Structures are given as structure tokens and as C-alpha cells.
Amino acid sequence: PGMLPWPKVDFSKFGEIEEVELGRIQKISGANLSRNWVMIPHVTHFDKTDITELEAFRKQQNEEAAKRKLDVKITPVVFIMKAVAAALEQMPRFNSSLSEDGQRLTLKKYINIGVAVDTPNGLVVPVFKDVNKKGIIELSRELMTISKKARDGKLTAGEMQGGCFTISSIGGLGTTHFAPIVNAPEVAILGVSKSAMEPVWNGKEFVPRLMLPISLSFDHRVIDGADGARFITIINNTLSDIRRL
């Protein structure tokens, strides 16, 4: 059966209205999203990762970077970048793009990661190159400089190209979890919500642990439920074990 038309409602019948045009950016984003939504069968996995010791390590490295006057503040998302990059090395089918006809998968041998950054004009997604080959200090410096560029609205078209995977960390603003949409032509996206201290069973008692909620949405034409579970688990375990750089 044919599709019903979009509702044609005279909203003025119910009170005052103001009809505004969207910005070109929002029109471009909306068009891309409408395409991706129908072409990409979405599955979303949820998980929680223990970052108690990572956070202690981050604070340690932040004082030791200040003593050396290195001018760098390590933020949690840099660790997530490296964990995602290491996971893309272990399961390379997540580092891929599916052709339009669904018949051919392009496996990428480079690892670039887009990171959503909030601006006075909304979230934009700069792409960072060779994340798997860069350290925490270097990536923190790039993120600071480019996020500044984003807030000042002078981001370059080139600086948003070449992504293999997107991270969208919104926990500084809220949510305990969320289910993002895949940023085509990538096949997966990681959402990050607000960490919370939770009682966690150690086998004999509950102890307080800083738990970070993460989510993974993915193109189900490429990734099945089992591999999605393997992938998010690798990111979980990697983040809960990282204590170098």
C-alpha cells in the first residue's frame, strides 16, 4: 500500500506560530540523515565500562604534563578514541564502507575517527587521522586546537573528511545512554553518556566504581548482533585496562 502523505495541519487554528527556514547546514544534515535512516538497518548495543582506574591515571598524567609545562589537558574522549582505534584493528570489518548496491565492502587500512564537537551552531564532526598511530598527548593537542576552530566556526571542509568511525560524547550535557544514527558511509558509531559511580559486585560485596555508559549503533547489513557484542566488549575491556601514555 502507498505511503500516507505528511500531515497537512493548519497549526494557526491552535494559536500563534512562527515559520522559520532551516539553515543550509541543517538542510544538508537533514537530507543526509533521511537517506542514512532508510538505507541503513540500525541495531544499537548498550554497555557500561569501568573507568575508575583510567580516571585516576588521567588525573595523574594531567599533573605530570603540567609540571613539564607541556600545555595539554587530557580529556576522557581521547582514551575512547584510542580504544576504538585498537578495536578497529582487531575487527577490521567495522573499519569499512558498504557500496550503494550492497554487494561490495571496502575494507579500510587507515584508521581515522570523527569526534562530535558541540558549537554555537550545534554538533560538528572533525575527523582525526591515524588515531591508532598517535599518542594521548598528541591527540589531546589536536582536539583542543580543532575544537576551538569548531566553536569559532572556521572549520575546514577537508578537516571533516576521511572518517572511518564516529564518536559522539554527549554526557557533559546529559543522558545515561542514547542510540545514535550511523554516519554514512561509515558502518558504526559510538555514543558516550554520563559516567556515574555505581555499586559493582566483586564476587562477595558491592564496591563503588565509576561506570561509563557507552552505546554502539551499526549497519546490520555488515555487522551481526554477535560481532557488535564482540566489538563493544573490546572497547569496554580496553578502556577499563588502559594505563599508559
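Numbers for residues come from their place in the sequence shown, where the first is 1.
When the mean C-alpha temperature factors of 157 to 165 and 89 to 97 are read from the deposited coordinates, 157 to 165 comes out higher. When the mean C-alpha temperature factors of 235 to 243 and 4 to 12 are read from the deposited coordinates, 4 to 12 comes out higher.
If you compare the C-alpha temperature factors of 54, 184, 211, 66 in the entry, 66 comes out highest. Listed residues 32, 176, 217, 49 were ranked by CA B-factor as deposited; 32 comes out on top. When all modelled residues of the chain are sorted by CA temperature factor, residue 36 is found within the middle third.
Remark: residue 126 belongs to the middle third of its chain, ranked by C-alpha B-factor as recorded. Ranked by C-alpha B-factor against the other modelled residues of its chain, residue 72 falls in the highest third. Placement of the Cα temperature factor of residue 191 within the chain: lowest third of the modelled residues, per the deposited record. In this PDB entry, the Cα temperature factor of residue 42 sits in the bottom third of its chain's modelled residues, the lowest group.
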